[PDB]
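Hydrogens, waters and symmetry mates play no part in the numbers below; they use all other heavy atoms, side chains included. As the structure lists them, so they are numbered: ligands from 1, and atoms in each ligand from 1. The residues of the chain are indexed from 1 along the displayed sequence.
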Amino acid sequence: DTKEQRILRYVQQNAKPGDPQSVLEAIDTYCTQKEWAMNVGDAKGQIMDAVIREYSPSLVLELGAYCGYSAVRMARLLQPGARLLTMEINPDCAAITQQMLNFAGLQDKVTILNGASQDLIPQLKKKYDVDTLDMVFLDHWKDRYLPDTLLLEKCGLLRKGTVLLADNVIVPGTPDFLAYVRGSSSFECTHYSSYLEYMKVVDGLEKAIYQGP
Ligand SMILES: O=C(NCCCCc1cc2ccncc2s1)c1cc(-c2ccc(F)cc2)cc(O)c1O
Ligand SMILES: [Cl-]
Ligand SMILES: [Cl-]
Ligand SMILES: [Mg+2]
């Protein structure tokens, strides 16, 4: 089996069904004690939580689900009726994410879209009945952060106040995205310095709030 399957099984055997906090703990324990994996982790997760609680978004888009750690993190804090759409290119990971959300009891809040962001973003309005997004979590290929931000704007999916929150802007890093949003009058940006998941290595989140054209 794969590392991702082992993380899912560990959750199934060491967390409580329907308890998202126990799911997060189990993943963080496994990834600390057994095998590193690219979940956002607890250090950066705490900053995500604070952001989610500040904005109480009704409709969140996530690029890059992986095993569902960030989707569980965000969905557990959503208000009733609020929704998360998460896009995952790897079908094995899409299936693990679905099972992770099922175990956590969050499946009614989250729709896991298996496919590439550059193919799926243009379908959001018509296919998934999206008007505009309240928040976007970027956690996919680091060289896609900038092109997908520009694609989101092109598609009319951003509104005044839409919050972009971007993982890994330091490690592995997303230099073009950071330079673009930080230099654009269409974004108000804040950096939240933290640590790479499960490591004593500096990383951070970028929050970039869209201001309109
Ligand atoms: O690559 C990372 N994350 C993206 C995986 C790409 C998955 C995709 C999902 C999807 C959905 C839709 N369209 C297209 C795509 S492409 C990543 C890597 C590290 C890291 C840090 C230090 C290391 F030494 C080694 C890895 C840490 C992280 O937190 C990451 O998130
Ligand atoms: Cl994650
Ligand atoms: Cl961590
Ligand atoms: Mg990441």
Would you mind telling me if ligand 1 is within reach of the side chain of [X], the backbone, both or neither, using heavy atoms under 4.0 Å?
X	result
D167	side chain
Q118	neither
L196	side chain
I89	both

Please check if the number of heavy atoms outside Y55 that lie under 6.0 Å from its OH is greater than 12. yes
Relative to the heavy atoms of [X], which atoms of ligand 1 are at a distance of less than 4.0 Å?
X	answer
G64	9 (C), 11 (C)
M87	11 (C)
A116	13 (N)

[X] N/O to ligand 1 N/O under 3.5 Å:
X	result
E197	yes
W36	no
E88	no
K142	yes

Any idea which protein heavy atom is nearest [atom], and the distance to it?
atom	value
atom 30 (C) of ligand 1	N168 OD1, 3.2 Å
atom 7 (C) of ligand 1	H140 CA, 4.3 Å
atom 5 (C) of ligand 1	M38 CE, 3.7 Å
atom 13 (N) of ligand 1	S117 N, 2.9 Å

Could you pull out the N/O/S protein atoms under 2.8 Å of the Mg ion (ligand 4), ignoring any water?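 For the Mg ion (ligand 4), the protein N, O and S atoms that sit under 2.8 Å away are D139 OD1, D167 OD2, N168 OD1.
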Taking every non-hydrogen atom, the tightest pair across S117 and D148: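 Residues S117 and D148, closest heavy atoms: OG-OD2, 2.7 Å.
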Donor-acceptor check, side chain of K44 to backbone of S194, threshold 3.5 angstrom: yes or no?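 Flag not set: sc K44 to bb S194 has no pair under 3.5 Å.
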Using side chain to side chain contact (heavy atoms under 4.5 Å, CB included) as the criterion, point out the one residue from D42, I7, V11 that pairs with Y69.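 Answer after filtering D42, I7, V11: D42.
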The single option from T174, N168, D167 passing side-chain hydrogen bond (donor to acceptor under 3.5 Å, both in side chains) against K142: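 With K142 as partner, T174, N168, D167 yield a single side-chain hydrogen bond (donor to acceptor under 3.5 Å, both in side chains), made by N168.
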